[PDB]
Structures are given as structure tokens and as C-alpha cells.
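Next comes coords-v3.txt, with compact mmCIF, N, CA and C atoms.
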```txt
# COMPACT_ATOMS: atom_id res chain seq x y z
N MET A 1 0.85 -1.21 0.00
CA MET A 1 0.00 0.00 0.00
C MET A 1 0.85 1.21 0.00
N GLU A 2 1.57 1.46 1.12
CA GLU A 2 2.62 2.43 1.23
C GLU A 2 3.77 2.04 0.33
N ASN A 3 4.02 0.71 0.24
CA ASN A 3 5.05 0.11 -0.57
C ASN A 3 4.67 0.13 -2.02
N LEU A 4 3.41 -0.29 -2.32
CA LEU A 4 2.78 -0.24 -3.62
C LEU A 4 2.74 1.13 -4.20
N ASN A 5 2.76 2.17 -3.34
CA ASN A 5 2.67 3.55 -3.72
C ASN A 5 3.95 4.02 -4.31
N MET A 6 5.08 3.65 -3.67
CA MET A 6 6.41 3.90 -4.14
C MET A 6 6.67 3.11 -5.39
N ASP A 7 6.02 1.93 -5.53
CA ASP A 7 6.14 1.07 -6.69
C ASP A 7 5.41 1.67 -7.87
N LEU A 8 4.25 2.33 -7.61
CA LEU A 8 3.37 2.93 -8.59
C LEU A 8 4.07 4.11 -9.20
N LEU A 9 4.61 4.99 -8.33
CA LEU A 9 5.26 6.23 -8.69
C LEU A 9 6.60 6.01 -9.36
N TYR A 10 7.30 4.89 -9.03
CA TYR A 10 8.55 4.52 -9.67
C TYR A 10 8.32 4.10 -11.09
N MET A 11 7.40 3.13 -11.31
CA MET A 11 7.16 2.54 -12.61
C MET A 11 6.45 3.51 -13.51
N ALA A 12 5.81 4.56 -12.94
CA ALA A 12 5.15 5.62 -13.65
C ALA A 12 6.15 6.42 -14.43
N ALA A 13 7.22 6.93 -13.75
CA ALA A 13 8.36 7.59 -14.33
C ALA A 13 9.12 6.76 -15.31
N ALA A 14 9.07 5.41 -15.21
CA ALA A 14 9.87 4.58 -16.08
C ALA A 14 9.12 4.30 -17.34
N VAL A 15 7.77 4.41 -17.29
CA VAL A 15 6.90 4.29 -18.43
C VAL A 15 6.86 5.64 -19.11
N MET A 16 7.03 6.74 -18.34
CA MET A 16 7.00 8.09 -18.83
C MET A 16 8.28 8.37 -19.53
N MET A 17 9.37 8.63 -18.76
CA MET A 17 10.61 9.08 -19.38
C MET A 17 11.41 7.96 -19.96
N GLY A 18 10.98 6.70 -19.74
CA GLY A 18 11.51 5.59 -20.50
C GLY A 18 11.07 5.70 -21.93
N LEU A 19 9.74 5.87 -22.15
CA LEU A 19 9.13 5.87 -23.46
C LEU A 19 9.60 7.02 -24.30
N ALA A 20 9.41 8.27 -23.81
CA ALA A 20 9.65 9.44 -24.62
C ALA A 20 11.08 9.77 -24.75
N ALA A 21 11.86 9.80 -23.64
CA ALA A 21 13.27 10.10 -23.69
C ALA A 21 14.10 9.20 -24.59
N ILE A 22 13.65 7.94 -24.86
CA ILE A 22 14.34 7.12 -25.85
C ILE A 22 13.91 7.46 -27.25
N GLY A 23 12.63 7.86 -27.43
CA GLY A 23 12.06 8.27 -28.70
C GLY A 23 12.67 9.55 -29.19
N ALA A 24 12.98 10.43 -28.22
CA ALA A 24 13.81 11.60 -28.32
C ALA A 24 15.16 11.23 -28.80
N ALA A 25 15.80 10.25 -28.12
CA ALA A 25 17.20 9.91 -28.32
C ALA A 25 17.46 9.46 -29.73
N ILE A 26 16.59 8.57 -30.26
CA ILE A 26 16.68 8.08 -31.62
C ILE A 26 16.34 9.08 -32.67
N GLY A 27 15.58 10.14 -32.36
CA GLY A 27 15.14 11.05 -33.38
C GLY A 27 16.07 12.17 -33.57
N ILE A 28 16.74 12.60 -32.49
CA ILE A 28 17.89 13.47 -32.55
C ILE A 28 18.94 12.80 -33.38
N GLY A 29 19.02 11.45 -33.21
CA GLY A 29 20.03 10.67 -33.80
C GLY A 29 19.73 10.49 -35.27
N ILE A 30 18.49 10.05 -35.61
CA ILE A 30 18.05 9.81 -36.97
C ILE A 30 17.97 11.06 -37.78
N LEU A 31 17.03 11.95 -37.40
CA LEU A 31 16.67 13.15 -38.09
C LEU A 31 17.83 14.08 -38.08
N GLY A 32 18.35 14.49 -36.90
CA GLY A 32 19.46 15.41 -36.79
C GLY A 32 20.76 14.87 -37.33
N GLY A 33 20.88 13.53 -37.55
CA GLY A 33 22.05 12.96 -38.18
C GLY A 33 22.01 13.17 -39.67
N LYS A 34 20.82 12.95 -40.28
CA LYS A 34 20.58 13.02 -41.70
C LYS A 34 20.49 14.44 -42.17
N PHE A 35 19.96 15.34 -41.31
CA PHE A 35 19.70 16.70 -41.61
C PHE A 35 20.98 17.50 -41.68
N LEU A 36 22.01 17.15 -40.87
CA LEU A 36 23.32 17.75 -40.99
C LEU A 36 24.09 17.19 -42.17
N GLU A 37 23.72 15.98 -42.67
CA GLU A 37 24.27 15.45 -43.90
C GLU A 37 23.57 16.06 -45.09
N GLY A 38 22.63 17.00 -44.83
CA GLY A 38 22.10 17.91 -45.81
C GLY A 38 22.86 19.20 -45.72
N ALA A 39 23.34 19.56 -44.50
CA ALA A 39 24.00 20.81 -44.22
C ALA A 39 25.42 20.84 -44.70
N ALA A 40 26.03 19.65 -44.89
CA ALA A 40 27.43 19.45 -45.17
C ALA A 40 27.81 19.88 -46.56
N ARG A 41 26.98 19.49 -47.56
CA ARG A 41 27.21 19.80 -48.96
C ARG A 41 26.81 21.22 -49.27
N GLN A 42 25.88 21.78 -48.46
CA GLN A 42 25.51 23.17 -48.45
C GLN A 42 26.51 23.90 -47.58
N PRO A 43 26.51 25.22 -47.39
CA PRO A 43 27.30 25.83 -46.34
C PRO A 43 26.60 25.53 -45.04
N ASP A 44 27.34 25.49 -43.91
CA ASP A 44 26.77 25.26 -42.60
C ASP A 44 26.34 26.58 -42.00
N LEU A 45 25.78 27.48 -42.83
CA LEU A 45 25.31 28.78 -42.42
C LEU A 45 23.85 28.67 -42.10
N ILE A 46 23.02 28.55 -43.16
CA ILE A 46 21.58 28.45 -43.06
C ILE A 46 21.18 27.07 -42.59
N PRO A 47 21.51 25.92 -43.18
CA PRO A 47 20.88 24.67 -42.82
C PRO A 47 21.54 24.03 -41.63
N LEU A 48 22.47 24.73 -40.93
CA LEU A 48 22.95 24.30 -39.64
C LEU A 48 21.90 24.68 -38.63
N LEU A 49 21.17 25.79 -38.90
CA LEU A 49 20.18 26.34 -38.02
C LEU A 49 18.90 25.54 -38.06
N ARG A 50 18.54 24.98 -39.24
CA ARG A 50 17.39 24.10 -39.32
C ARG A 50 17.69 22.78 -38.66
N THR A 51 18.97 22.33 -38.69
CA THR A 51 19.43 21.15 -37.99
C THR A 51 19.30 21.28 -36.49
N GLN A 52 19.29 22.53 -35.95
CA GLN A 52 18.95 22.81 -34.58
C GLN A 52 17.58 22.35 -34.31
N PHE A 53 16.58 22.83 -35.10
CA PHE A 53 15.17 22.49 -34.97
C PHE A 53 14.94 21.03 -34.76
N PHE A 54 15.76 20.19 -35.42
CA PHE A 54 15.69 18.75 -35.32
C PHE A 54 16.25 18.05 -34.12
N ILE A 55 17.39 18.50 -33.55
CA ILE A 55 17.91 17.91 -32.34
C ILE A 55 17.08 18.39 -31.16
N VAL A 56 16.47 19.58 -31.33
CA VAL A 56 15.58 20.30 -30.46
C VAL A 56 14.22 19.69 -30.43
N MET A 57 13.73 19.21 -31.60
CA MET A 57 12.56 18.36 -31.74
C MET A 57 12.67 17.13 -30.87
N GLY A 58 13.91 16.63 -30.69
CA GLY A 58 14.20 15.55 -29.79
C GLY A 58 14.22 15.96 -28.34
N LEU A 59 14.80 17.13 -28.02
CA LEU A 59 14.96 17.61 -26.66
C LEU A 59 13.63 17.92 -26.00
N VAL A 60 12.64 18.37 -26.81
CA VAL A 60 11.30 18.71 -26.38
C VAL A 60 10.48 17.48 -26.15
N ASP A 61 10.85 16.38 -26.83
CA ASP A 61 10.17 15.11 -26.71
C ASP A 61 10.37 14.51 -25.33
N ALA A 62 11.59 14.64 -24.78
CA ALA A 62 11.96 14.08 -23.49
C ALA A 62 11.62 14.98 -22.35
N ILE A 63 11.56 16.31 -22.59
CA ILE A 63 11.25 17.34 -21.62
C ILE A 63 10.03 17.15 -20.76
N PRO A 64 8.83 16.80 -21.23
CA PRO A 64 7.65 16.83 -20.39
C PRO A 64 7.56 15.53 -19.64
N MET A 65 8.44 14.57 -19.98
CA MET A 65 8.49 13.25 -19.44
C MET A 65 9.50 13.22 -18.34
N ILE A 66 10.55 14.07 -18.44
CA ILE A 66 11.61 14.16 -17.46
C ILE A 66 11.17 15.06 -16.35
N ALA A 67 10.32 16.06 -16.65
CA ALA A 67 9.76 16.98 -15.69
C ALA A 67 8.60 16.36 -14.97
N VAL A 68 7.87 15.42 -15.63
CA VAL A 68 6.80 14.68 -15.00
C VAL A 68 7.41 13.54 -14.24
N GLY A 69 8.58 13.02 -14.68
CA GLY A 69 9.27 11.96 -13.98
C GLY A 69 9.99 12.49 -12.77
N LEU A 70 10.22 13.82 -12.74
CA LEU A 70 10.75 14.58 -11.64
C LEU A 70 9.70 14.81 -10.61
N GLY A 71 8.45 15.02 -11.06
CA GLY A 71 7.31 15.27 -10.20
C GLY A 71 6.87 13.99 -9.56
N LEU A 72 7.08 12.87 -10.28
CA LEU A 72 6.80 11.52 -9.84
C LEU A 72 7.88 11.04 -8.90
N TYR A 73 9.13 11.55 -9.04
CA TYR A 73 10.25 11.16 -8.22
C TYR A 73 10.21 11.86 -6.88
N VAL A 74 9.74 13.13 -6.87
CA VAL A 74 9.56 13.92 -5.67
C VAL A 74 8.38 13.38 -4.89
N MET A 75 7.37 12.83 -5.60
CA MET A 75 6.18 12.28 -4.99
C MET A 75 6.47 10.93 -4.38
N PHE A 76 7.47 10.21 -4.95
CA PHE A 76 8.02 8.96 -4.45
C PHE A 76 8.71 9.21 -3.12
N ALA A 77 9.37 10.39 -2.96
CA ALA A 77 10.12 10.74 -1.78
C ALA A 77 9.21 11.04 -0.61
N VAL A 78 7.93 11.40 -0.89
CA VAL A 78 6.92 11.66 0.11
C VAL A 78 6.33 10.34 0.51
N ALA A 79 6.01 9.48 -0.49
CA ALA A 79 5.37 8.21 -0.29
C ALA A 79 6.31 7.17 0.33
```

Mind turning the file's structure into C-alpha cells?
Amino acid sequence: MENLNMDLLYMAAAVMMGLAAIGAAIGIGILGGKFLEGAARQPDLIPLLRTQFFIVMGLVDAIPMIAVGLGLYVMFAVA
């Protein structure tokens, strides 16, 4: 109950920032890897900046899961 509560809040964060933060990780990797291989043959002036949008597309993916996993981790510390 008290134990189950810490179990609930633990596995909640692992379903949360497990799921998205890895989806983030691969997309920064996939998209931002390929998108800079667009920037390379071009100058790295303009399409280096669009390549930001893509690694950032990844960073935002993990953000609400790491902040909710933070809220779940602080709630674990109470429980």
C-alpha cells in the first residue's frame, strides 16, 4: 500500500521518461544525423540552423516526461 505507492510512482516515471526520452534519443540521432548530412554539402550557415530544430525536436520530446518523472520522483520521496 505504502510500498505499492512507491512502486506505482517509480514505474510511472519509467513508463513516462523511458518511453519518450528514448524516442527523443533516436530522433535526434536519426533526423538530426541526416539533416546535418544535408547541411554538409551546403554551407553550414543556413541549414545548420534548421538542424537545430531537429535535435531540439528531440529535446522537447523528453522534456515533459523528465519533468513529470521529476514530479513523480519527488512524490516517491513523500510516499

I'd like the contact shell of residue 58 (chain A) - 6.5 Å cut-off, all atoms listed in the file, skipping same-chain residues fewer than 4 positions apart - returned as a PyMOL selection string. chain A and resi 23-25+27-28+53-54+62-63

Let's have the selection written as a JSON list (two decimals), keeping the file's coordinate frame, with N, CA and C atoms.
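Everything below was put into part_35.json:
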```
[["chain", "number", "residue", "atom", "x", "y", "z"],
["A", 23, "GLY", "N", 12.63, 7.86, -27.43],
["A", 23, "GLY", "CA", 12.06, 8.27, -28.70],
["A", 23, "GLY", "C", 12.67, 9.55, -29.19],
["A", 24, "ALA", "N", 12.98, 10.43, -28.22],
["A", 24, "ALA", "CA", 13.81, 11.60, -28.32],
["A", 24, "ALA", "C", 15.16, 11.23, -28.80],
["A", 25, "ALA", "N", 15.80, 10.25, -28.12],
["A", 25, "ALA", "CA", 17.20, 9.91, -28.32],
["A", 25, "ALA", "C", 17.46, 9.46, -29.73],
["A", 27, "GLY", "N", 15.58, 10.14, -32.36],
["A", 27, "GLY", "CA", 15.14, 11.05, -33.38],
["A", 27, "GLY", "C", 16.07, 12.17, -33.57],
["A", 28, "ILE", "N", 16.74, 12.60, -32.49],
["A", 28, "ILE", "CA", 17.89, 13.47, -32.55],
["A", 28, "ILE", "C", 18.94, 12.80, -33.38],
["A", 53, "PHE", "N", 16.58, 22.83, -35.10],
["A", 53, "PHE", "CA", 15.17, 22.49, -34.97],
["A", 53, "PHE", "C", 14.94, 21.03, -34.76],
["A", 54, "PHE", "N", 15.76, 20.19, -35.42],
["A", 54, "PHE", "CA", 15.69, 18.75, -35.32],
["A", 54, "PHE", "C", 16.25, 18.05, -34.12],
["A", 62, "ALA", "N", 11.59, 14.64, -24.78],
["A", 62, "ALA", "CA", 11.96, 14.08, -23.49],
["A", 62, "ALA", "C", 11.62, 14.98, -22.35],
["A", 63, "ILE", "N", 11.56, 16.31, -22.59],
["A", 63, "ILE", "CA", 11.25, 17.34, -21.62],
["A", 63, "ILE", "C", 10.03, 17.15, -20.76]]
```

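The neighbours of residue 4 (chain A) here are the residues that come within 12 Å of it, using only C-alpha atoms and leaving out any residue fewer than 5 positions away in the same chain; they are residues 9, 10, 11, 12, 76 and 79 of chain A.
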
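The point (18.6, 20.6, -40.3) has these residues within 6 Å of it, counting only C-alpha atoms: residues 35, 36, 47, 48, 50 and 51 of chain A.
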
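Taking CA of residue 68 (chain A) and atom N of residue 5 (chain A) as endpoints, the distance between them is 17.6 Å.
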
The distance between atom N of residue 3 (chain A) and CA of residue 18 (chain A) is 22.6 Å

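With CA of residue 71 (chain A) on one side and atom C of residue 26 (chain A) on the other, the separation reads 25.0 Å.
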
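Nearest to residue 13 (chain A) of all the residues A:49, A:55, A:70, A:78 is A:70, based on all atoms listed in the file.
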
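Proximity of A:56, A:45, A:61, A:37 to residue 19 (chain A), computed with only N, CA and C atoms, is greatest for A:61.
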
Restricting to only C-alpha atoms, whichever of A:14, A:1, A:30, A:46 is closest to residue 73 (chain A) is A:14

Residue with the minimum atom-to-atom distance to residue 64 (chain A), picked from A:17, A:22, A:6, A:44 with only C-alpha atoms counted, is A:17
